[PDB]
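A.B. asks: Sequence, then the experimental structure. Questions to follow.
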Amino acid sequence: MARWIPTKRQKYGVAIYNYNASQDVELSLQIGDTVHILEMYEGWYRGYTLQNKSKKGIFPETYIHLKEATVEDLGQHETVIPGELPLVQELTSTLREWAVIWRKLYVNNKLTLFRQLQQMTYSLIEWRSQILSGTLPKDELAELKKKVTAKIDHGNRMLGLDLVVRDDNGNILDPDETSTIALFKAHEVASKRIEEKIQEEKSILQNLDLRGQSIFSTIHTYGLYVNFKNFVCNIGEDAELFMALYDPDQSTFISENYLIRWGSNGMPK
Amino acid sequence: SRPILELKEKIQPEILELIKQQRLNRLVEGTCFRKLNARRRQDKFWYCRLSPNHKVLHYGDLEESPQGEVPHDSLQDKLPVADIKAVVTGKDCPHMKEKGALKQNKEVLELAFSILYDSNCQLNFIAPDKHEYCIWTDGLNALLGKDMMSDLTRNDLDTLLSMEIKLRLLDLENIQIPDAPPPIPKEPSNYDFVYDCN
Amino acid sequence: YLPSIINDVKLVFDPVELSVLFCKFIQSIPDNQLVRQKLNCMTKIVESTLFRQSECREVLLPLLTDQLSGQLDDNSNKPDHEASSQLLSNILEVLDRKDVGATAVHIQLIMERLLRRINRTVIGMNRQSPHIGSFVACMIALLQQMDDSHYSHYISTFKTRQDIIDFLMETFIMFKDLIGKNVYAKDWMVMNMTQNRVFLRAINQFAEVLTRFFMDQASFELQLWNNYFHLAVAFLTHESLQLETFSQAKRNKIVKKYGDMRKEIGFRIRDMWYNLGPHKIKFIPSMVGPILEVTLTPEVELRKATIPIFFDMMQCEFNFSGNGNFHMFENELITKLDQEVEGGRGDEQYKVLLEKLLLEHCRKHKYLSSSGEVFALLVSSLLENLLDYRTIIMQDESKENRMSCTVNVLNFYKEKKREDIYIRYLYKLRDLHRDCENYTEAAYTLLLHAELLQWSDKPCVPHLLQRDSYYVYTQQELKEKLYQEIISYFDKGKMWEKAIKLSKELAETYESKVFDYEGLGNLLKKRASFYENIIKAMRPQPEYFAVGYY
């Protein structure tokens, strides 16, 4: 070991498995041990670890999955798609704090919210995994962004965690001291989300029709799907089935007749 | 997932000790426990609280309290933790083998647990149902410092261990772990770091 | 709907002609017609066509200012609170735009024409439940967009010094009543932090204005520093290590984004305190305490910078020590130190650093600093006492240990004769015993207090005047109330010998000094009951055990 050279192109010090403890400064390094390496050797890397950002560890290059990227994913264009990667790092930190409060949870009879946190967690991790790829359509991108933001802020709200802003594009632009009043209105937008979902906890988590009313107040077109299975009738001849929506109060049909032909054998023709 | 499983179960103890300290908290907060044959105006409910020092047990013939534990000097605030031989669970309970007026029916077969102490005194107690019964047994073996006997405890073990390992595999995304560990590059024996330390 | 056209109308018309025409039409509105509607109108107006400003901003605004200043206080501002806030918010936002055009001088005009107005508003607009937060947002936005050169431009250059003084007073009290009793859900942490930054900027500016218009050059009217430092300290009394700690990034997040505010705040206050110069002595005893807690801040550095101010204060007294020494200083020092440490603030390293710094400082200085050295030794003894007390209190939580340590500190104070805090801990212990219903011990404690008093009529020291009730209370009367309570305790304490004993002295005092024979009668009635109890009933004998701690 010698010849160390400072660089920042090694932010993503990625292990492979629990590292051997060969170094006096290394251990069974965890899988997620993304370490801020300060000094780089060809076969080895010593620098700050996520677990202890004040303590070094010399770590094999073969063990490091080298990644030139940094916390910024656009300067080196590491983005799978721009305006999304900040979201993944923030949600990773968010899952970290989820784990911490989780630790704090089991030791307490907060089990109800604990399991609802479990299912929040499963939803969020699967969304994370599915957005690991950039395959989604831009509408899917935006919808994922919005809903995961809603869920993470929900986790924040019942847990008494602070709020974030800048709904889109990483939730970072607004906290970047761009303005003052836009900061305000963003904060109240978030508080509106808070109030929406807290009042609707007792609406959806208990009942199931207020959610339908709220969702249907947003869209106008709907389609009734009908899947015919079998006609049970004693006719013995060719039969035409004109099934359509009807208004008994208005004494008229509401949808066009869907002609279904039924054979004389008991089977549709 | 062979290296994955090896690494996973190999960093075990933290989850175990977390479970055990949770059991400790549960014992301390405790509840009103169930006596034997509390029919003829006998308090079936009575609290058994562990000390915050977890060295004495606050229990006794307490009243039918639906609120649960009341913090005070129970009828006996000491259970000698340092000398408990064991707790008998099931048929090992001598009170279950009773064939007189203290006949415990077969429906409390899994609520029979008696603390062994004084080599002749026993505490034939009853749990309201299985999960807390296993919880109290787990808490006792935690005082005993051995393995657990709650199915829910194994549940917690597997689920939380899975959660933790799952939240570690984020760095190794789009990456593979050679089941054979990667070969160690030869570290030059010289420690004369050309660059400074820290 | 007239606003709805202005965009393309501009696109096919002279801009300023439109500006003046709309201005004329609006000012032509009688002053009591559709205020809500007109404010909405000008809102839509300032929305568009203000992306260009050089020709219209300067001319459209004046009317806007006029109606908003009428909205300042015409006693009919109740319906238009939110409307005015909306107007101001939107226009300020528009101003913040950079690509739209240069507005620095226009910002100056907006300062000149609405700043005092809105400050007056918020100072009046004082109830939290309404949308006061909107006004707060508006004014902080103003201050953020504002410039320091702009700050001193006119706000420093007002009319006669009394006007600017009163303005400054109002500004400071408003800042305090904002920082104190904040306006946000405490979840808008980013917003809180931003508010802190803008408040920092503003109070900085007002610090330089104090230096340049209220230092010795203002030979008198130099009181404010009380209010000013109060505001500063209060602002220095939140957003602390633990809050920073809740997430590990939380420290890192705020530090990267903002750093340690408290660092700069304390450094600023330190240097300006040094700048106070001659008036330090005329300003020490009141403001002594207000600097301990900031010194007690959990960080390291500004603490390092702050303890020396204690030595500066004692030295300033040394300059005034022609009449005595820093006794008046150290008394308040010890007192406030006591409440704070028992409050659970300091740390061991804190006391170590205190000893180190103050001893080092006093070595450089003379005999009076040697007395200060021995008093700092006293201080460190106090500190270790208090740390021991608090650590045991938080550790065992067994009432017995609590009594043990509180007696320890009581003995130490008795040794140090600082009697007021002594009484305070006496009452603490009394509370404890009442919790344990140890009526005997409670009576002994309360007596030990009452022992201090005299049957004299003058209340000689309000130190004995405790916080239970505080007015004249001749020493006699307080002693009488104490004896009444103690006798009651002993009665329900089932130990009547001392009860009768004390009844004797109380009756003596009644007969010889107050002559209220009614109290005599009631008291002797009680004493007869006592004797009856003693002869009649029997009392169990308590066993006494010896305990060997090894």
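C.D. replies: That came through, no problem. Residues are numbered from 1 along each chain as shown, chains lettered A, B, ... in the order given.
A.B. asks: List the contacts of residue B:38.
C.D. replies: residue B:44 (Cβ atoms under 8 Å, 6 or more residues apart in numbering or on different chains). Just so you know, the C-beta spots here come from the backbone N, C-alpha and C atoms, and that holds for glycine as well.
A.B. asks: Same question for residue C:72.
C.D. replies: If a contact means Cβ under 8 Å, 6+ apart, then residue C:72 has C:117-118, C:120-121 as its contacts.
A.B. asks: any idea which of the residues you listed has the most stuff around it?
C.D. replies: Compared across the contacts of residue C:72, residue C:121 has the highest neighbour count, 24 neighbours, by other Cβ atoms under 10 Å in any protein chain shown.
A.B. asks: Work out for me the element that one sits within.
C.D. replies: Mapping residue C:121 onto the secondary structure by DSSP states H and E places it in helix C:104-124.
A.B. asks: And for residue C:38?
C.D. replies: Assignment of secondary structure by DSSP H and E places residue C:38 within helix C:35-47.
A.B. asks: could you say what helices and strands the strand or helix carrying residue C:384 packs with?
C.D. replies: Under the criterion DSSP H and E, the helix or strand holding residue C:384 is helix C:367-396. Applying 3 or more Cβ pairs under 8 Å, 6 or more residues apart in numbering or on different chains; DSSP states H and E, one finds that helix C:367-396 makes contact with helix C:301-320, helix C:327-342, helix C:348-364, helix C:399-416.
A.B. asks: Next, format those as TSV and append distance to chain B and mean neighbour count.
C.D. replies: Conversion of the helices and strands packed on helix C:367-396 to TSV gives the following (distance: least, Cβ to the nearest Cβ, whole Å; neighbours: other Cβ atoms under 10 Å in any protein chain shown):
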stretch	distance to chain B	mean neighbour count
helix C:301-320	21	19
helix C:327-342	24	18
helix C:348-364	23	16
helix C:399-416	13	16
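A.B. asks: Kindly reformat these as TSV containing distance to residue C:196.
C.D. replies: Output for the helices and strands packed on helix C:367-396, formatted as TSV (distance: least, Cβ to Cβ, whole Å):
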stretch	distance to residue C:196
helix C:301-320	16
helix C:327-342	23
helix C:348-364	25
helix C:399-416	37
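A.B. asks: so is the closest residue to chain A within the stretch 101-250 of chain C in a helix, a strand, or just coil?
C.D. replies: Across the stretch 101-250 of chain C, the shortest distance to chain A (Cβ to the nearest Cβ) belongs to residue C:141, at 3.7 Å. Per DSSP: H, G, I helix; E, B strand; the rest coil, the local secondary structure of residue C:141 is helix.
A.B. asks: Look up how far residue C:150 lies from residue C:108.
C.D. replies: Distance of residue C:108 to residue C:150, computed by Cβ to Cβ, to the nearest Å: 5 Å.
A.B. asks: what's the answer for residue C:87, then?
C.D. replies: Relative to residue C:150, residue C:87 is positioned 21 Å away (criterion: Cβ to Cβ).
A.B. asks: Can you show me the strands along chain B?
C.D. replies: According to DSSP state E, chain B carries its strands in the segments B:32-34, B:45-47, B:49-50, B:57-58, B:87-89, B:113-117, B:121-125.
A.B. asks: circling back to that earlier point, out of the contacts of residue C:72, which is nearest to chain B?
C.D. replies: Comparing the contacts of residue C:72 against chain B with Cβ to the nearest Cβ places residue C:118 closest, at 49.0 Å.
A.B. asks: pretty sure the closest one contacts residue C:137?
C.D. replies: No. Under the criterion of Cβ atoms under 8 Å, residue C:118 lies out of contact with residue C:137, with a separation of 11.1 Å.
A.B. asks: Show me how the record splits chain B into domains.
C.D. replies: B:1-29+B:147-198, B:30-146 (CATH domains of a matching chain).
A.B. asks: I'd like the ones you listed as JSON lines, with distance to residue C:201 appended.
C.D. replies: Supplementary listing: these in JSON lines, determined by distance: least, Cβ to Cβ, whole Å:
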{"stretch": "domain B:1-29+B:147-198", "distance to residue C:201": "37"}
{"stretch": "domain B:30-146", "distance to residue C:201": "50"}
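A.B. asks: quick one: the residue of chain C found nearest chain B and chain A, what's the gap?
C.D. replies: When scored by Cβ to the nearest Cβ, chain C has residue C:397 as its residue closest to chain B, at 8.3 Å. Distance from residue C:397 to chain A, counting by Cβ to the nearest Cβ, to the nearest Å: 20 Å.
A.B. asks: List the residues that contact the residue nearest the centre of chain B.
C.D. replies: To find the centre residue of chain B, average its C-alpha atoms and take the closest one (Cα atoms, centre = their mean): that gives residue B:138, at 2.9 Å. Contacts of residue B:138 were listed using Cβ under 8 Å, 6+ apart, and they are B:19-20, B:23, B:148-150, B:153.
A.B. asks: Same list (those) but as a markdown table, adding distance to chain C.
C.D. replies: Conversion of those to a markdown table gives the following (distance: Cβ to the nearest Cβ, whole Å):
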| residue | distance to chain C |
| --- | --- |
| B:19 | 25 |
| B:20 | 23 |
| B:23 | 23 |
| B:148 | 30 |
| B:149 | 33 |
| B:150 | 30 |
| B:153 | 30 |
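A.B. asks: what about the closest residue to chain C within chain A, how many residues close to it?
C.D. replies: Residue nearest to chain C within chain A (Cβ to the nearest Cβ): residue A:180, separated by 3.7 Å. Counted with other Cβ under 10 Å, the burial measure for residue A:180 works out to 24 neighbours.
A.B. asks: Hmm, residue C:146 and it touching each other?
C.D. replies: No. Shown here, residue A:180 and residue C:146 do not form a contact pair, counting by Cβ under 8 Å, at 10.9 Å.
A.B. asks: the helices in chain B, which residues?
C.D. replies: Using DSSP state H, the helices of chain B run over B:2-10, B:13-29, B:130-144, B:151-166.
A.B. asks: of all the ones you listed, which lies closest to residue C:304?
C.D. replies: Distances from residue C:304 to each of the helices of chain B were compared by Cβ to Cβ, and the smallest falls on helix B:13-29, at 38.4 Å.
A.B. asks: and the closest one with chain A, contact?
C.D. replies: Yes. Using Cβ under 8 Å from any Cβ of the partner chain, helix B:13-29 comes into contact with chain A via B:18, B:21-22, B:25.
A.B. asks: Pick out whichever of the residues you listed sits closest to chain A.
C.D. replies: Closest approach to chain A among those (Cβ to the nearest Cβ): residue B:22, at 5.1 Å.
A.B. asks: Compute the number of surrounding residues for the closest one.
C.D. replies: Neighbour count of residue B:22, defined by other Cβ under 10 Å: 19.
A.B. asks: The one 3 residues further on now?
C.D. replies: Using other Cβ under 10 Å as the criterion, residue B:25 is surrounded by 18 other residues.
A.B. asks: Surely it touches residue A:104?
C.D. replies: No. Judged on Cβ under 8 Å, residue B:25 makes no contact with residue A:104 at a distance of 12.0 Å.
A.B. asks: What are the boundaries of the helices in the stretch 1-150 of chain A?
C.D. replies: A:85-106, A:111-132, A:138-158 (DSSP state H, counting those that start in this stretch).
A.B. asks: Any chance of TSV for those, columns mean neighbour count and distance to chain C?
C.D. replies: Written out in TSV, the entries for those read as follows (neighbours: other Cβ atoms under 10 Å in any protein chain shown; distance: least, Cβ to the nearest Cβ, whole Å):
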stretch	mean neighbour count	distance to chain C
helix A:85-106	17	6
helix A:111-132	14	17
helix A:138-158	16	8
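A.B. asks: Which of those sits closest to residue C:127?
C.D. replies: For residue C:127, the closest of the helices of the stretch 1-150 of chain A is helix A:138-158, at 26.2 Å, according to Cβ to Cβ.
A.B. asks: do that closest one and chain B meet?
C.D. replies: No. Applying Cβ under 8 Å from any Cβ, one finds helix A:138-158 out of contact with chain B, separated by at least 14.7 Å.
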